[PDB]
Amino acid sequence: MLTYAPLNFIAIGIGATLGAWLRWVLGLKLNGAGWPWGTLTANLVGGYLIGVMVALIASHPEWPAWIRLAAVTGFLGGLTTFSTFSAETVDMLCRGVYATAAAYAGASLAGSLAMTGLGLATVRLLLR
C-alpha cells in the first residue's frame, strides 16, 4: 500500500474507536472527584503499550503498515489523551489544590515515560 490509502483510514478509525470506548469506560468506572484514576490508567496503560508496539514494529519490518496505523495511530491514539488531562490538571489548579496538581502532572508525565521504557524493556527482554 501507499500513504493515504483508504484501508489506512479504516485501520485508524477502527483502532481509534475501540481506543476511545476503552478510555470512556475507564473514565467512568474508576474516575472520581479529587483524583482521576481513569484518565491516568488510560495514559499509563497506553504509554506502556506504545513502548511495546514500537519495539515490536522495530524488530518486525515484515509486518504490514496497518498494524502500526491501527495499533498505535488508532488504538493507542484513542486510548491515551492529552486534552482531558490538561483540563483535569487546570481544574486542580483553579480549585486551589496545587499539591495534587503537581502530583498529577508528574505522575502521568513521568509515569507515561517510565511505562514506555518498560514496554520497550518488556519486548527487548523476551525477543533476545
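Residue indices: 1-based, along the sequence shown.
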| item | value |
| --- | --- |
| Mean C-alpha temperature factor, higher of 67 to 75 and 22 to 30 | 22 to 30 |
| Stretch with the higher entry mean CA B-factor, where the candidates are 45 to 53 and 98 to 106 | 98 to 106 |
| Chain-wide C-alpha B factor ranking for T3, given as lowest, middle or highest third | highest |
| Among modelled residues of the same chain, the CA temperature factor third for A58 | lowest |
